[PDB]
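Peer 1: What follows is a protein structure lacking sequence information:
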């Protein structure tokens, strides 16, 4: 399990534009609860919690905080039993 | 590290009696058996058999209407679509002849949201998809 | 994103025996039924039937008078108006022939508020509204 | 399932065919040695015909008479090739001119007689479908509803005998045909010629290298003394090869040891895993030369399967095989036919198991545990059946030490019930 706390900034000259952009970004993240990691569609980041702290600095900190997680399987392409032979006694 | 996926529990879509249910947040259902343990002379380990099956289910959610109180103890079907998003293989289960054990007429606390809890028993199930 | 609504439990108005009760904090009421599970002689899944019903209820709240202790085990009605305010469709339920299971004479800790707890049983209900 | 290269004038040439619980003459191995296979209660018998290279099918062509000019409309040929005098007669019916009596003969005895009203297809259908015509197939030449010309006793000619000549390649063709399929046993059809026996030995060794451990059963010639019988039985030292020692009588024919090996095969196959022919009575009325205790012991020591008149009936003395001239590492139970058949059946079921795990499983500890647990389950089921008293199945660390990535080796070792 790989969990990342990813914070997002939204800079703009017009503060109400910042509010609108953050609102639509949060709504998109919630409604589309996961994000295609790559265009192969194999993997997917699944949202855990999206939080906005509007007071936080526009540049140093960033407003929106989002926690994403993703599960991966340990690849193991070991050898195969192509040939299975046995013998007998008494 | 090839991809894997957990089925998030917010993909559930519960259809109670042919009308989709929006406010349920937790659903449980099991198909109990009776063990029927038997001792045999000259065989120390017990033996089990299937016995007769018996379904049971439970639901929790927010109260949005008096659907369940109006339902009474009538028989009704439940369908449960657990969709998967990484791959589209939704697991669909149908519960046959569900019947409420008790009508949750009133369950309300002053400070909290009015939640509804339901549990009953279903005669059988049909695993529609997987 | 179209509107939904949760019924906050502070919208409840409880009328005990025709006089409004205004110090209650939570109310619970269910309509139990004996399942009467039957194991048929050839079929391998249990069957249930409605059996006989039996109501049960319970309330908690702040003590403001000796209403319940003076009520005794007399039969009395309970109304329950769960108003919704986003849309005005209040859900109203009546309980018929409620009877206290135990008369809560005294329940009081030194450093806390004196709350009253009640539990009992009601023969039937009338879903006045929804 | 028993293999049979019948040296017979009757039988299908160049193909293996099965026969249910249902040739006839004694000159033909289809009944002289087919009966030895049949009488042992085998579930199913699969047969092949040995014939000289120069042999084909006798035929007979027939022509119409309704038109003033006769034209071919019906042809007749034997069901399987031969030079036998399968005569046929076609006379006019007494009542209806359009009808004609189709009379068939084996040599001179009336095999079949019936009447049809002249239709070519229906005449062919009557000659084919009806049971008396197992010896013959009728075929059409032309599509014309007309009556044949009258004939009598027409010998189907243009073939040769199945017993024309027993030659080495003639024998070996049957084994080459048996290669494609698997059988419980093979018996060589009683030819005591040593070259055929040695060719069969090499062929069976090749099939064993393919995992096809078919049971070979053999015997010496009547002229072999106990000395020569033992020499020829010791010449073979393979677990799937058995050399019957003595001649045997059932009805009229002195059967060479190789010939009675047919019925020994029938008993071995029909018995199953549970039954053994270690002391089983046999249908044969007499056996010779008689063997004392010393002769019996010397023969069994030489891998010879001994039959003697030790009681009111002929009794097989033991279940030995050619391997009974054994070696130290492999016990005497390895030299018994029932135990070897049981081992080959185990190897077959394990062939099924290995192809059930065809490399989709990884060659790690987990796959090893899965496979060995499947084998443990199978042998435990056999134990519950009572066939096995005790078994141990484990990894073949000798081969698995040097086994490459793609190959995996295991072993088994099980004990079975004894019968004195």
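Peer 2: Arrived safely, thanks for sending. Numbering: from 1, shown residues only, chains lettered A, B, ... in the order given.
Peer 1: all helices for chain B, in order.
Peer 2: Using DSSP state H, the helices found in chain B span residues B:67-71.
Peer 1: I'd like to know which residues of it are adjacent to chain A.
Peer 2: B:1, B:2, B:3, B:4, B:5, B:6, B:8, B:10, B:85, B:86 (C-beta under 8 Å from any C-beta of the partner chain). For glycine as for every other residue, the C-beta is placed from the backbone atoms N, C-alpha and C.
Peer 1: Buried among those? Make that a ChimeraX selection.
Peer 2: The ChimeraX command for the buried members of those (criterion: 16 or more other C-beta atoms under 10 Å in any protein chain shown) is given here:
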select /B:3,5,86
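Peer 1: which ones are touching residue D:288?
Peer 2: By C-beta atoms under 8 Å, 6 or more residues apart in numbering or on different chains, the residues touching residue D:288 are D:246, D:247.
Peer 1: swap in residue B:74?
Peer 2: Taking C-beta under 8 Å, 6+ apart as the test, what residue B:74 contacts is residue B:99.
Peer 1: Quick check: nearest residue in space to residue D:340, chain neighbours excluded?
Peer 2: residue D:239 (4.9 Å; C-beta to C-beta, 6 or more residues apart in numbering or on different chains).
Peer 1: how many neighbours does the one you found have?
Peer 2: Number of residues near residue D:239 (other C-beta atoms under 10 Å in any protein chain shown) recorded here: 24.
Peer 1: Assumed it was part of a helix.
Peer 2: No: Residue D:239 is assigned coil when assessed by DSSP: H, G, I helix; E, B strand; the rest coil, not a helix.
Peer 1: which ones are touching it?
Peer 2: D:213, D:321, D:322, D:323, D:334, D:335, D:340.
Peer 1: Is it possible to get TSV of these that adds neighbour count?
Peer 2: What follows is these, written out as TSV (neighbours: other C-beta atoms under 10 Å in any protein chain shown):
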residue	neighbour count
D:213	20
D:321	31
D:322	27
D:323	22
D:334	19
D:335	21
D:340	24
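Peer 1: Tell me which residues are up against the helix or strand that contains residue A:21.
Peer 2: Applying DSSP states H and E as the criterion places residue A:21 in helix A:15-31. With C-beta under 8 Å, 6+ apart as the contact definition, helix A:15-31 has outside contacts at A:8, A:10-12, A:35, A:47, A:50, A:52, A:54, A:58, A:63-64, A:66, C:1.
Peer 1: between those, which has the most around it?
Peer 2: Neighbour-wise, the contacts of helix A:15-31 (other C-beta under 10 Å) top out at residue A:63, 22 neighbours.
Peer 1: OK, contacts around that residue?
Peer 2: A:8, A:9, A:10, A:18, A:22, A:52, A:53, A:54, A:56.
Peer 1: Report the distance from stretch D:245-261 to the chain centre.
Peer 2: 17 Å (C-alpha atoms, centre = their mean, to the nearest Å).
Peer 1: and the helix or strand containing residue D:340, which residues are buried?
Peer 2: Assigned by DSSP H and E, residue D:340 falls within helix D:337-356. By neighbour count with 16+ other C-beta under 10 Å, helix D:337-356 contains the buried residues D:337-344, D:346-347, D:350, D:353-354.
Peer 1: Tell me which residues touch the closest residue to residue D:249 other than its chain neighbours, please.
Peer 2: Excluding its sequence neighbours, the residue lying closest to residue D:249 (C-beta to C-beta, 6+ apart) is residue D:286, at 4.1 Å. Going by C-beta under 8 Å, 6+ apart, residue D:286 touches D:248, D:249, D:309, D:314.
Peer 1: could you redo the residues you listed as a markdown table and give each row neighbour count, distance to residue D:230 and secondary structure?
Peer 2: Putting the contacts of residue D:286 into a markdown table (neighbours: other C-beta atoms under 10 Å in any protein chain shown; distance: C-beta to C-beta, whole Å; DSSP: H, G, I helix; E, B strand; the rest coil) gives the following:
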| residue | neighbour count | distance to residue D:230 | secondary structure |
| --- | --- | --- | --- |
| D:248 | 27 | 18 | strand |
| D:249 | 15 | 22 | strand |
| D:309 | 17 | 19 | coil |
| D:314 | 22 | 20 | coil |
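Peer 1: which among these gets closest to chain C?
Peer 2: residue D:314 (57.9 Å; C-beta to the nearest C-beta).
Peer 1: Against residue D:271, how distant is the closest one?
Peer 2: 17 Å (C-beta to C-beta, to the nearest Å).
Peer 1: Residue D:15 now?
Peer 2: Applying C-beta to C-beta to residue D:15 and residue D:271 gives a distance of 29 Å.
Peer 1: neighbour-wise, which of those two wins?
Peer 2: residue D:271 (19 against 11).
Peer 1: residues in contact with that one?
Peer 2: Residue D:271 neighbours (C-beta under 8 Å, 6+ apart): D:277, D:280, D:338.
Peer 1: Look up how far residue D:249 lies from the last one.
Peer 2: Distance, residue D:338 to residue D:249, using C-beta to C-beta: 26 Å.
Peer 1: Show me the strands in chain B, by range?
Peer 2: Per DSSP state E, chain B carries strands over the ranges B:12-16, B:19-21, B:24-32, B:38-40, B:43-47, B:54-62, B:76-82, B:91-100, B:102-109, B:115-126.
Peer 1: for chain A, which strand is longest?
Peer 2: Assigned via DSSP E, chain A shows its longest strand as strand A:44-52.
Peer 1: Next, the residue of chain D found nearest chain B: phi, psi?
Peer 2: Of all residues in chain D, the one sitting closest to chain B is residue D:384 (12.9 Å; C-beta to the nearest C-beta). For residue D:384, the backbone dihedrals (degrees, to the nearest 10) come out as phi -60, psi -30.
Peer 1: quick one: contacts for the nearest residue to residue D:205 once chain neighbours are set aside?
Peer 2: In space, residue D:205 comes closest to residue D:238 once its chain neighbours are excluded; the distance is 6.8 Å by C-beta to C-beta, 6+ apart. The contact partners of residue D:238, by C-beta under 8 Å, 6+ apart, come to D:201, D:204, D:205, D:208, D:216, D:321, D:322, D:323.
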